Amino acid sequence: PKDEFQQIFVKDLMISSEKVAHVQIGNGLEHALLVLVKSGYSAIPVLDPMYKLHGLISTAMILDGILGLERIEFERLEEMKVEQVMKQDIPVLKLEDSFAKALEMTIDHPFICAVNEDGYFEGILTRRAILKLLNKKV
């Protein structure tokens, strides 16, 4: 169904931004880690006050940030901020980007942020959505 494939855009597959937790660059890592755990997301966007996308922060990035020689150094979280561990060079698609473009991006990126023309955060596009679509069709 190439009509289907070529008429399915990023916006049709994405989870909308209102269903996605976020933090800001100056939030503490204890705050961020709690938001991650409470939300059940393994990663969440870092946004500015205009709800523009700055980067992503994951539970992996947080724990790597406190990886000691002999233990995960959780006492350090109280002193750290989101800015110190977030990833700025992240996968981003526009609402109108193609299914083809997303499928390709999802090979190395478990999730991808969608933004509009003006860089406002609009949602996230997961591997599951691509796979769920591919599963039935094939």
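Position 1 is the first residue in the sequence shown; the rest follow in order.
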Quick check on the record: does 50 to 58 or 95 to 103 carry the larger mean Cα temperature factor?
95 to 103
Comparing 109 to 117 with 73 to 81, the one whose average Cα B-factor in the PDB entry is higher:
109 to 117
Could you check 65, 40, 26, 45 and tell me which one carries the biggest Cα B-factor in the deposited entry?
40
Third assignment of residue 21 from its chain's C-alpha B-factors
middle
Sorting by Cα B-factor within the chain, modelled residues only, which third would residue 130 end up in: lowest, middle or highest?
highest
